[PDB]
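Shown next: work_10.csv, given as CSV, C-alpha atoms.
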chain,number,residue,atom,x,y,z
A,2,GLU,CA,-2.2,28.1,23.8
A,3,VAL,CA,-3.7,25.0,22.0
A,4,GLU,CA,-4.6,22.9,25.0
A,5,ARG,CA,-6.7,25.7,26.4
A,6,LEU,CA,-9.1,25.2,23.4
A,7,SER,CA,-12.2,23.3,24.0
A,8,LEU,CA,-12.9,20.2,22.0
A,9,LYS,CA,-15.8,21.9,20.1
A,10,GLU,CA,-13.6,24.9,19.4
A,11,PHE,CA,-10.6,22.9,18.2
A,12,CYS,CA,-12.9,20.9,15.9
A,13,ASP,CA,-14.9,23.8,14.5
A,14,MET,CA,-11.5,25.3,13.6
A,15,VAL,CA,-10.3,22.2,11.8
A,16,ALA,CA,-13.7,22.2,10.1
A,17,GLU,CA,-13.5,25.9,9.1
A,18,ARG,CA,-12.7,27.2,5.7
A,19,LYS,CA,-9.3,28.2,7.0
A,20,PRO,CA,-6.0,26.2,6.6
A,21,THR,CA,-4.8,27.1,10.2
A,22,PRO,CA,-5.2,23.8,12.0
A,23,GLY,CA,-4.7,21.0,9.4
A,24,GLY,CA,-4.1,17.3,9.5
A,25,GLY,CA,-0.7,17.5,11.1
A,26,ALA,CA,-2.0,19.6,13.9
A,27,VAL,CA,-4.9,17.2,14.4
A,28,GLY,CA,-2.3,14.3,14.5
A,29,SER,CA,-0.5,15.9,17.3
A,30,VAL,CA,-3.7,16.4,19.3
A,31,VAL,CA,-4.6,12.8,18.7
A,32,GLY,CA,-1.1,11.8,19.7
A,33,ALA,CA,-1.5,13.7,22.9
A,34,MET,CA,-4.6,11.8,23.7
A,35,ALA,CA,-2.9,8.5,22.9
A,36,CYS,CA,-0.2,9.5,25.4
A,37,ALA,CA,-2.9,10.1,27.9
A,38,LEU,CA,-4.2,6.5,27.6
A,39,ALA,CA,-0.6,5.2,28.1
A,40,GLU,CA,-0.4,7.4,31.1
A,41,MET,CA,-3.7,6.0,32.4
A,42,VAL,CA,-2.5,2.4,32.1
A,43,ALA,CA,0.7,3.4,33.8
A,44,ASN,CA,-1.2,5.0,36.7
A,45,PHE,CA,-3.4,2.1,37.1
A,46,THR,CA,-0.3,-0.1,37.3
A,47,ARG,CA,1.6,1.7,40.1
A,48,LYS,CA,0.2,1.4,43.6
A,49,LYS,CA,-1.0,-2.1,42.6
A,50,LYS,CA,-0.2,-5.4,44.3
A,51,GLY,CA,1.7,-7.8,42.0
A,52,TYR,CA,3.1,-4.9,39.9
A,53,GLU,CA,5.3,-3.3,42.6
A,54,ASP,CA,8.6,-4.5,41.0
A,55,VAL,CA,7.7,-2.5,37.9
A,56,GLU,CA,6.6,0.6,39.8
A,57,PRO,CA,9.8,2.6,39.2
A,58,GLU,CA,9.2,1.9,35.5
A,59,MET,CA,5.5,3.0,35.8
A,60,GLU,CA,6.2,6.4,37.5
A,61,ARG,CA,8.8,6.9,34.9
A,62,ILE,CA,6.2,6.5,32.1
A,63,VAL,CA,3.7,8.7,33.8
A,64,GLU,CA,6.3,11.5,33.8
A,65,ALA,CA,7.3,10.8,30.2
A,66,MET,CA,3.7,10.8,29.0
A,67,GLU,CA,3.2,14.1,30.8
A,68,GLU,CA,6.1,15.6,29.0
A,69,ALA,CA,5.1,14.1,25.7
A,70,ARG,CA,1.7,15.8,25.8
A,71,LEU,CA,3.5,19.2,26.4
A,72,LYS,CA,5.7,18.5,23.4
A,73,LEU,CA,2.7,17.5,21.2
A,74,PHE,CA,0.6,20.4,22.2
A,75,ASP,CA,3.5,22.6,21.3
A,76,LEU,CA,4.0,20.9,18.0
A,77,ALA,CA,0.4,21.5,17.0
A,78,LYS,CA,1.0,25.3,17.6
A,79,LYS,CA,4.2,25.0,15.5
A,80,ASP,CA,2.4,23.2,12.7
A,81,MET,CA,0.0,26.2,12.3
A,82,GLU,CA,2.8,28.7,12.6
A,83,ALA,CA,4.9,26.7,10.2
A,84,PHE,CA,2.1,26.8,7.6
A,85,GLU,CA,1.6,30.5,8.0
A,86,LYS,CA,5.2,31.2,7.5
A,87,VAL,CA,5.4,29.0,4.3
A,88,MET,CA,2.2,30.4,2.8
A,89,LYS,CA,3.5,33.9,3.7
A,90,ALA,CA,6.6,33.2,1.6
A,91,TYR,CA,5.1,31.5,-1.5
A,92,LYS,CA,5.3,35.1,-2.9
A,93,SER,CA,8.7,36.0,-1.4
A,94,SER,CA,12.2,34.9,-2.4
A,95,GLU,CA,13.3,31.2,-3.0
A,96,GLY,CA,15.8,31.7,-0.1
A,97,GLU,CA,13.2,32.4,2.5
A,98,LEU,CA,10.6,29.8,1.1
A,99,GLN,CA,13.0,26.9,1.0
A,100,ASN,CA,14.0,27.6,4.5
A,101,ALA,CA,10.4,27.9,5.7
A,102,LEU,CA,9.6,24.7,3.9
A,103,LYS,CA,12.4,23.0,5.9
A,104,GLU,CA,11.1,24.2,9.3
A,105,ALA,CA,7.6,23.1,8.3
A,106,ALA,CA,8.7,19.7,7.3
A,107,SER,CA,10.5,19.3,10.7
A,108,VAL,CA,7.3,19.7,12.6
A,109,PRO,CA,5.5,16.5,11.7
A,110,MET,CA,8.9,14.8,11.8
A,111,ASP,CA,9.1,15.8,15.5
A,112,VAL,CA,5.6,14.6,16.1
A,113,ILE,CA,6.7,11.2,14.7
A,114,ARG,CA,9.6,11.1,17.1
A,115,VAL,CA,7.3,11.5,20.0
A,116,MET,CA,5.2,8.8,18.5
A,117,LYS,CA,8.3,6.6,18.4
A,118,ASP,CA,8.6,7.2,22.1
A,119,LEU,CA,5.0,6.5,22.7
A,120,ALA,CA,5.2,3.2,20.8
A,121,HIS,CA,8.2,2.0,22.9
A,122,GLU,CA,6.2,2.8,26.1
A,123,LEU,CA,3.1,1.0,24.8
A,124,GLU,CA,5.4,-2.0,24.2
A,125,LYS,CA,6.5,-1.8,27.9
A,126,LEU,CA,2.9,-1.3,29.0
A,127,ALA,CA,1.6,-4.3,26.9
A,128,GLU,CA,4.2,-6.5,28.7
A,129,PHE,CA,4.5,-5.2,32.2
A,130,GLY,CA,1.4,-3.0,32.6
A,131,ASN,CA,-1.9,-3.8,34.3
A,132,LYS,CA,-3.6,-6.7,32.5
A,133,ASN,CA,-7.1,-5.3,32.9
A,134,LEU,CA,-6.3,-2.2,30.9
A,135,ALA,CA,-4.8,-4.0,27.9
A,136,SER,CA,-7.7,-2.6,25.9
A,137,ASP,CA,-6.6,0.9,26.7
A,138,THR,CA,-3.0,0.1,25.7
A,139,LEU,CA,-4.2,-1.4,22.4
A,140,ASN,CA,-6.4,1.6,21.8
A,141,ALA,CA,-3.4,3.7,22.3
A,142,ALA,CA,-1.3,1.6,19.9
A,143,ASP,CA,-3.9,2.0,17.2
A,144,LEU,CA,-4.0,5.8,17.7
A,145,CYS,CA,-0.3,5.9,17.9
A,146,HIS,CA,0.1,4.1,14.6
A,147,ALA,CA,-2.5,6.4,12.9
A,148,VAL,CA,-0.8,9.5,14.1
A,149,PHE,CA,2.4,8.2,12.6
A,150,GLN,CA,0.6,7.7,9.3
A,151,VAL,CA,-0.9,11.2,9.5
A,152,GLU,CA,2.4,12.8,10.1
A,153,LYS,CA,4.3,10.8,7.5
A,154,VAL,CA,2.0,12.2,4.9
A,155,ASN,CA,2.6,15.6,6.2
A,156,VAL,CA,6.4,15.1,6.2
A,157,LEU,CA,6.3,14.0,2.6
A,158,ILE,CA,4.0,16.7,1.3
A,159,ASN,CA,6.6,19.2,2.6
A,160,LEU,CA,9.7,17.4,1.4
A,161,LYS,CA,8.5,17.3,-2.2
A,162,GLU,CA,8.7,21.1,-2.3
A,163,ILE,CA,12.3,21.3,-0.9
A,164,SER,CA,15.1,21.5,-3.6
A,165,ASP,CA,18.0,20.8,-1.2
A,166,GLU,CA,18.6,17.1,-2.1
A,167,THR,CA,20.7,16.2,1.0
A,168,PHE,CA,18.1,17.6,3.4
A,169,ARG,CA,15.5,15.5,1.7
A,170,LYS,CA,17.6,12.3,1.6
A,171,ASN,CA,18.3,12.8,5.3
A,172,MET,CA,14.8,13.5,6.5
A,173,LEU,CA,13.6,10.5,4.4
A,174,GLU,CA,16.1,8.4,6.0
A,175,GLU,CA,15.1,9.4,9.5
A,176,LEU,CA,11.5,8.9,8.5
A,177,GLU,CA,12.4,5.4,7.4
A,178,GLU,CA,13.9,4.5,10.7
A,179,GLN,CA,11.2,6.0,12.9
A,180,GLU,CA,8.8,4.1,10.8
A,181,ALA,CA,10.5,0.8,11.4
A,182,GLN,CA,10.7,1.4,15.2
A,183,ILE,CA,7.1,2.4,15.3
A,184,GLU,CA,5.8,-0.5,13.1
A,185,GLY,CA,7.8,-3.0,15.1
A,186,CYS,CA,6.5,-1.9,18.5
A,187,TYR,CA,3.0,-1.6,17.0
A,188,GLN,CA,2.9,-5.1,15.6
A,189,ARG,CA,4.5,-6.6,18.8
A,190,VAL,CA,1.9,-4.7,20.9
A,191,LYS,CA,-0.9,-6.0,18.7
A,192,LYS,CA,0.5,-9.5,18.7
A,193,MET,CA,0.9,-9.5,22.5
A,194,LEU,CA,-2.5,-8.0,23.2
A,195,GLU,CA,-4.8,-9.3,20.4
A,196,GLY,CA,-6.2,-12.1,22.7
A,197,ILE,CA,-7.9,-9.7,25.1
A,198,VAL,CA,-10.6,-9.4,22.6
A,199,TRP,CA,-12.0,-12.9,23.5
A,200,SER,CA,-10.2,-14.0,26.6
A,201,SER,CA,-11.8,-13.2,30.0
B,2,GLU,CA,-20.9,18.4,28.1
B,3,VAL,CA,-17.8,16.8,26.6
B,4,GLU,CA,-17.0,19.3,23.8
B,5,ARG,CA,-16.9,22.1,26.3
B,6,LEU,CA,-13.7,20.5,27.9
B,7,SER,CA,-10.4,21.8,26.9
B,8,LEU,CA,-7.8,19.6,25.2
B,9,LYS,CA,-5.6,19.7,28.3
B,10,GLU,CA,-8.6,18.9,30.5
B,11,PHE,CA,-9.8,16.0,28.4
B,12,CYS,CA,-6.3,14.6,28.2
B,13,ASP,CA,-5.5,15.0,31.9
B,14,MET,CA,-8.7,13.0,32.6
B,15,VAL,CA,-7.8,10.2,30.3
B,16,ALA,CA,-4.3,10.2,31.9
B,17,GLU,CA,-5.9,10.3,35.4
B,18,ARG,CA,-6.0,7.3,37.8
B,19,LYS,CA,-9.8,7.1,37.0
B,20,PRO,CA,-11.5,4.8,34.5
B,21,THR,CA,-14.1,7.5,33.5
B,22,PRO,CA,-12.8,8.6,30.0
B,23,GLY,CA,-11.4,5.4,28.5
B,24,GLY,CA,-10.2,4.3,25.0
B,25,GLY,CA,-13.8,4.2,23.7
B,26,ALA,CA,-14.3,7.8,24.7
B,27,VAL,CA,-11.0,8.9,23.2
B,28,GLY,CA,-12.0,7.0,20.0
B,29,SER,CA,-15.1,9.1,19.6
B,30,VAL,CA,-13.2,12.3,20.2
B,31,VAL,CA,-10.7,11.3,17.7
B,32,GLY,CA,-13.5,10.3,15.3
B,33,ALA,CA,-15.0,13.8,15.8
B,34,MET,CA,-11.7,15.4,14.7
B,35,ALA,CA,-11.5,13.1,11.7
B,36,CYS,CA,-15.0,14.2,10.7
B,37,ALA,CA,-13.8,17.8,11.0
B,38,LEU,CA,-11.0,17.1,8.5
B,39,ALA,CA,-13.7,15.7,6.1
B,40,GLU,CA,-15.7,18.8,6.7
B,41,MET,CA,-12.6,21.0,6.0
B,42,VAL,CA,-12.0,19.3,2.7
B,43,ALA,CA,-15.7,19.7,1.8
B,44,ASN,CA,-15.7,23.3,2.6
B,45,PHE,CA,-12.6,23.9,0.6
B,46,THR,CA,-14.5,22.3,-2.4
B,47,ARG,CA,-17.6,24.3,-2.4
B,48,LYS,CA,-17.5,27.8,-3.7
B,49,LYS,CA,-14.7,26.7,-6.0
B,50,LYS,CA,-14.5,27.0,-9.8
B,51,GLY,CA,-14.2,23.6,-11.5
B,52,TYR,CA,-16.1,21.8,-8.6
B,53,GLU,CA,-19.4,23.6,-8.9
B,54,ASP,CA,-21.2,20.5,-10.2
B,55,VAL,CA,-20.4,18.6,-7.0
B,56,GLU,CA,-21.4,21.5,-4.7
B,57,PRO,CA,-24.8,20.1,-3.7
B,58,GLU,CA,-22.8,17.1,-2.6
B,59,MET,CA,-20.2,19.1,-0.8
B,60,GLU,CA,-22.8,21.1,1.2
B,61,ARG,CA,-24.4,17.8,2.1
B,62,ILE,CA,-21.2,16.5,3.5
B,63,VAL,CA,-20.5,19.6,5.6
B,64,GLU,CA,-24.0,19.2,7.1
B,65,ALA,CA,-23.4,15.5,7.8
B,66,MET,CA,-20.0,16.0,9.3
B,67,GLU,CA,-21.5,18.7,11.5
B,68,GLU,CA,-24.1,16.2,12.8
B,69,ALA,CA,-21.6,13.4,13.1
B,70,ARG,CA,-19.6,15.4,15.5
B,71,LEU,CA,-22.7,16.0,17.7
B,72,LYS,CA,-23.3,12.2,17.6
B,73,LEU,CA,-19.7,11.4,18.5
B,74,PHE,CA,-19.5,13.9,21.3
B,75,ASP,CA,-22.6,12.3,22.6
B,76,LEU,CA,-21.3,8.9,22.3
B,77,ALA,CA,-18.2,9.9,24.2
B,78,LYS,CA,-20.5,10.9,27.2
B,79,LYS,CA,-22.5,7.7,26.9
B,80,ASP,CA,-19.3,5.6,26.9
B,81,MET,CA,-18.4,7.0,30.3
B,82,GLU,CA,-21.9,6.7,31.6
B,83,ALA,CA,-22.1,3.1,30.2
B,84,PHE,CA,-18.9,2.2,32.0
B,85,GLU,CA,-20.2,3.6,35.3
B,86,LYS,CA,-23.4,1.7,35.0
B,87,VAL,CA,-21.6,-1.5,34.3
B,88,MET,CA,-19.1,-1.1,37.2
B,89,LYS,CA,-21.9,-0.1,39.6
B,90,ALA,CA,-23.5,-3.4,38.6
B,91,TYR,CA,-20.6,-5.8,39.0
B,92,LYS,CA,-22.0,-6.3,42.5
B,93,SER,CA,-25.7,-6.2,41.7
B,94,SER,CA,-27.9,-8.9,40.1
B,95,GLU,CA,-27.0,-10.7,36.9
B,96,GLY,CA,-30.2,-9.3,35.4
B,97,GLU,CA,-29.1,-5.7,35.9
B,98,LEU,CA,-25.4,-6.5,34.9
B,99,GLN,CA,-26.2,-8.3,31.7
B,100,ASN,CA,-28.5,-5.5,30.5
B,101,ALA,CA,-25.8,-2.9,31.4
B,102,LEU,CA,-23.2,-4.9,29.5
B,103,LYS,CA,-25.5,-4.8,26.4
B,104,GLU,CA,-26.0,-1.0,26.6
B,105,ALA,CA,-22.3,-0.6,27.1
B,106,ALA,CA,-21.4,-2.7,24.1
B,107,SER,CA,-23.8,-0.6,21.9
B,108,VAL,CA,-21.9,2.5,22.5
B,109,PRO,CA,-18.8,1.8,20.5
B,110,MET,CA,-21.0,-0.1,18.1
B,111,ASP,CA,-22.7,3.2,17.5
B,112,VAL,CA,-19.4,5.1,17.2
B,113,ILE,CA,-18.5,2.5,14.6
B,114,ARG,CA,-21.5,3.2,12.6
B,115,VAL,CA,-20.6,6.9,12.5
B,116,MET,CA,-17.1,5.8,11.3
B,117,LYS,CA,-18.8,3.9,8.5
B,118,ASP,CA,-20.5,7.1,7.5
B,119,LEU,CA,-17.3,9.0,7.7
B,120,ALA,CA,-15.6,6.4,5.6
B,121,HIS,CA,-18.2,6.6,2.9
B,122,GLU,CA,-17.8,10.4,2.8
B,123,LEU,CA,-14.1,10.2,2.7
B,124,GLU,CA,-14.6,8.0,-0.4
B,125,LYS,CA,-16.6,10.7,-1.9
B,126,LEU,CA,-14.1,13.3,-1.0
B,127,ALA,CA,-11.1,11.3,-2.3
B,128,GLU,CA,-12.9,11.2,-5.7
B,129,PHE,CA,-14.8,14.5,-6.1
B,130,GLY,CA,-13.2,16.7,-3.4
B,131,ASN,CA,-10.6,19.4,-3.8
B,132,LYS,CA,-7.3,17.8,-5.1
B,133,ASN,CA,-5.0,20.1,-3.0
B,134,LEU,CA,-6.5,18.8,0.2
B,135,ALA,CA,-6.0,15.2,-0.5
B,136,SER,CA,-3.5,15.0,2.3
B,137,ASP,CA,-6.2,16.0,4.8
B,138,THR,CA,-8.6,13.5,3.3
B,139,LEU,CA,-6.0,10.8,3.7
B,140,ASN,CA,-5.2,11.9,7.2
B,141,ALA,CA,-8.8,11.7,8.0
B,142,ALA,CA,-9.0,8.2,6.6
B,143,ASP,CA,-6.2,6.9,8.6
B,144,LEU,CA,-7.8,8.4,11.8
B,145,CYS,CA,-11.2,6.9,10.8
B,146,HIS,CA,-9.6,3.5,10.4
B,147,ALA,CA,-7.9,3.7,13.8
B,148,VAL,CA,-11.1,4.8,15.5
B,149,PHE,CA,-12.8,1.8,14.1
B,150,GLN,CA,-10.0,-0.3,15.4
B,151,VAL,CA,-10.3,1.4,18.8
B,152,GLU,CA,-14.0,0.8,19.0
B,153,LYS,CA,-13.9,-2.8,17.7
B,154,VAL,CA,-11.8,-3.7,20.6
B,155,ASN,CA,-14.2,-1.9,23.0
B,156,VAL,CA,-17.2,-3.7,21.4
B,157,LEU,CA,-15.6,-7.1,21.8
B,158,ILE,CA,-14.4,-6.5,25.4
B,159,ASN,CA,-18.0,-6.1,26.3
B,160,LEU,CA,-19.5,-8.8,24.2
B,161,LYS,CA,-17.3,-11.5,25.8
B,162,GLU,CA,-19.1,-10.8,29.1
B,163,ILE,CA,-22.6,-11.1,27.6
B,164,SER,CA,-24.2,-14.5,28.2
B,165,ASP,CA,-27.1,-14.0,25.7
B,166,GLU,CA,-25.8,-15.8,22.7
B,167,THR,CA,-28.1,-14.4,20.0
B,168,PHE,CA,-27.3,-10.8,21.1
B,169,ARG,CA,-23.6,-11.7,20.7
B,170,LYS,CA,-24.0,-13.4,17.3
B,171,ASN,CA,-26.0,-10.4,16.0
B,172,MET,CA,-23.6,-7.7,17.3
B,173,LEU,CA,-20.6,-9.7,15.9
B,174,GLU,CA,-22.4,-9.9,12.6
B,175,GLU,CA,-23.1,-6.2,12.4
B,176,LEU,CA,-19.6,-5.5,13.5
B,177,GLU,CA,-18.2,-7.5,10.6
B,178,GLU,CA,-20.3,-5.6,8.0
B,179,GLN,CA,-19.3,-2.3,9.3
B,180,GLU,CA,-15.8,-3.4,9.3
B,181,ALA,CA,-16.0,-4.5,5.7
B,182,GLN,CA,-17.6,-1.3,4.6
B,183,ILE,CA,-15.1,0.7,6.5
B,184,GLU,CA,-12.1,-1.4,5.2
B,185,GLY,CA,-13.4,-1.1,1.6
B,186,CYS,CA,-13.8,2.6,1.6
B,187,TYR,CA,-10.5,2.9,3.5
B,188,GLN,CA,-8.5,0.9,1.0
B,189,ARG,CA,-10.2,2.7,-2.0
B,190,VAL,CA,-9.4,6.1,-0.4
B,191,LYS,CA,-5.8,5.0,0.1
B,192,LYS,CA,-5.5,3.6,-3.4
B,193,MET,CA,-6.9,6.7,-5.0
B,194,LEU,CA,-4.9,9.1,-2.9
B,195,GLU,CA,-1.5,7.4,-2.1
B,196,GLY,CA,0.1,9.2,-5.2
B,197,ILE,CA,-0.1,12.7,-3.7
B,198,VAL,CA,2.8,11.7,-1.5
B,199,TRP,CA,5.2,12.2,-4.4
Could you quickly redo this structure as structure tokens?
Amino acid sequence: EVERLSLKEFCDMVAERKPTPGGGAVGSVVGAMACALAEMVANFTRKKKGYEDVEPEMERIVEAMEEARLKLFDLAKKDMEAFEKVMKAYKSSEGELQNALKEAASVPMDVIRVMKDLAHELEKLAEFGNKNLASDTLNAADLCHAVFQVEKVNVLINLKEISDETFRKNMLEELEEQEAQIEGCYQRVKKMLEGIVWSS
Amino acid sequence: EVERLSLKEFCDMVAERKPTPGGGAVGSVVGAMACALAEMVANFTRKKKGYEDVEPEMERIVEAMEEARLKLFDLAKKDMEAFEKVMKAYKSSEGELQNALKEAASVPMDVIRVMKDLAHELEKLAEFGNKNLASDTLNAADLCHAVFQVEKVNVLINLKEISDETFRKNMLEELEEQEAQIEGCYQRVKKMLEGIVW
């Protein structure tokens, strides 16, 4: 579905006077690209002398980043579907709407979980990955973090419409935790890698 | 060229054991998508009652965001070309290499300047744009900011290799200005829009 879109196409659609692909969707797509950088760094670390005792770990990441893209591309589709379903219920019962709102809120939540995974891998890559691609790792950390920010906003815009208090308190809780994991990894990756910007 | 690639394609290539599309290139693509959000918000503000006296301004942003994307997609291509040229010069003269390094460092610098433009528009949209699309504006700002961070790294990784001091002090100087303009807009956009979250 979504991956088969060209970059110009996907953009034009975001740009369009339609609400179909919104921020959340874009976030997933960005996340997917961030996973690709992590995959690149992992690839450039396997089959490399000096990094052979972390090769098991590198092939493991490659495989995870492959699977994360598939998830993220799926979550972009869901985000657009979820939005249709909510909008196509603003005028139906409060039973159906409340439930649609829940599903919709779950989508960015899920994107964030993938981001939590990406962050943890970027931490492993910062530390054990190929030193000459630190830039690409850092780049991926910066995008990772933004995606998290994007999706957090999308999680909260949805929550505020949901009347079920416990569902809100829960999701908010999960959000809080994913945030901490992601911030932590992010800051560590930045701290570990900031020097590449001046040291050759 | 680049825009005609599918999302799966572009990704697979980043992921691939090749250095052709690197962070810098991703950054541009991301920036392009961020520009598209800004466009979306602008579109959803024109032809809207209550916002008619900012319509001239909204159509102006739509146009600018359209042109930004063309720039960004070009800069993505350049980044890959600039990297090839640099690598295919590691082993040639220090004349050729130094010059290749400068060109290469200009690419993300240029992407940054686009981001600076994006930031300024996001400031306009946060203020005058359609209130129910604030989320999209904010999302774009966060991406904008990240792209700047992506590209700054790529500007500096190149500079550090460039022996020409004045070129370095200049670039660094520009970089700091663009950073400040981007930060300022960013913070302002956040400050103005953070409240939509509750």
Separation of CA of residue 16 in chain A from CA of residue 49 in chain B in Å: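 Straight-line distance from CA of residue 49 in chain B to CA of residue 16 in chain A works out to 16.7 Å.
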Coordinates-based distance that separates CA of residue 69 in chain B from CA of residue 115 in chain B (Å, one decimal):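 Separation between CA of residue 115 in chain B and CA of residue 69 in chain B: 6.6 Å.
Among A:93, A:138, A:179, A:7, the residue with the shortest atom-to-atom distance to residue 150 in chain A, counting all atoms listed in the file, is A:179.
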Within-8 Å shell of (-0.8, 5.2, 22.3) in input frame, all atoms listed in the file, as a PyMOL selection string: chain A and resi 32+34-39+116+119-120+123+138-146
Best match for closeness to residue 23 in chain A among B:173, B:23, B:168, B:134, counting only C-alpha atoms: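 The closest residue to residue 23 in chain A is B:134.
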Kindly add N, CA, C and O atoms to the incomplete range 19-32 of chain A and provide the output as a short mmCIF file (atom, residue, chain, number, x, y, z; two decimals), in the coordinates of the input.
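And here's selection.cif as it stands now:
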data_model
loop_
_atom_site.label_atom_id
_atom_site.label_comp_id
_atom_site.auth_asym_id
_atom_site.auth_seq_id
_atom_site.Cartn_x
_atom_site.Cartn_y
_atom_site.Cartn_z
N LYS A 19 -10.57 27.60 6.77
CA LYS A 19 -9.30 28.20 7.00
C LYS A 19 -8.26 27.01 6.95
O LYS A 19 -8.62 25.89 7.27
N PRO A 20 -7.01 27.25 6.56
CA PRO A 20 -6.00 26.20 6.60
C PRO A 20 -5.24 26.12 7.91
O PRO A 20 -4.27 25.37 7.95
N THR A 21 -5.64 26.87 8.96
CA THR A 21 -4.80 27.10 10.20
C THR A 21 -4.49 25.79 10.85
O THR A 21 -3.32 25.40 10.83
N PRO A 22 -5.49 25.11 11.46
CA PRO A 22 -5.20 23.80 12.00
C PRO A 22 -5.56 22.70 10.96
O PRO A 22 -6.71 22.51 10.58
N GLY A 23 -4.52 22.06 10.44
CA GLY A 23 -4.70 21.00 9.40
C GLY A 23 -4.44 19.63 10.01
O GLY A 23 -4.40 19.45 11.24
N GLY A 24 -4.30 18.65 9.12
CA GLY A 24 -4.10 17.30 9.50
C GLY A 24 -3.05 17.08 10.55
O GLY A 24 -3.30 16.50 11.63
N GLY A 25 -1.86 17.60 10.23
CA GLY A 25 -0.70 17.50 11.10
C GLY A 25 -0.99 17.90 12.47
O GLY A 25 -0.76 17.13 13.40
N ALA A 26 -1.56 19.10 12.62
CA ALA A 26 -2.00 19.60 13.90
C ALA A 26 -2.95 18.58 14.61
O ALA A 26 -2.69 18.17 15.77
N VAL A 27 -3.99 18.14 13.89
CA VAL A 27 -4.90 17.20 14.40
C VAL A 27 -4.15 15.93 14.94
O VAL A 27 -4.36 15.47 16.08
N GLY A 28 -3.24 15.42 14.10
CA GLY A 28 -2.30 14.30 14.50
C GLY A 28 -1.67 14.49 15.81
O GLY A 28 -1.76 13.60 16.68
N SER A 29 -1.00 15.63 16.01
CA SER A 29 -0.50 15.90 17.30
C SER A 29 -1.48 15.83 18.45
O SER A 29 -1.19 15.28 19.52
N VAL A 30 -2.67 16.37 18.21
CA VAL A 30 -3.70 16.40 19.30
C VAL A 30 -4.10 14.95 19.55
O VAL A 30 -4.24 14.54 20.72
N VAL A 31 -4.26 14.18 18.49
CA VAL A 31 -4.60 12.80 18.70
C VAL A 31 -3.44 12.12 19.41
O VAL A 31 -3.66 11.37 20.34
N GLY A 32 -2.21 12.44 19.03
CA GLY A 32 -1.10 11.80 19.70
C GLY A 32 -1.14 12.05 21.15
O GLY A 32 -0.89 11.16 21.97
#
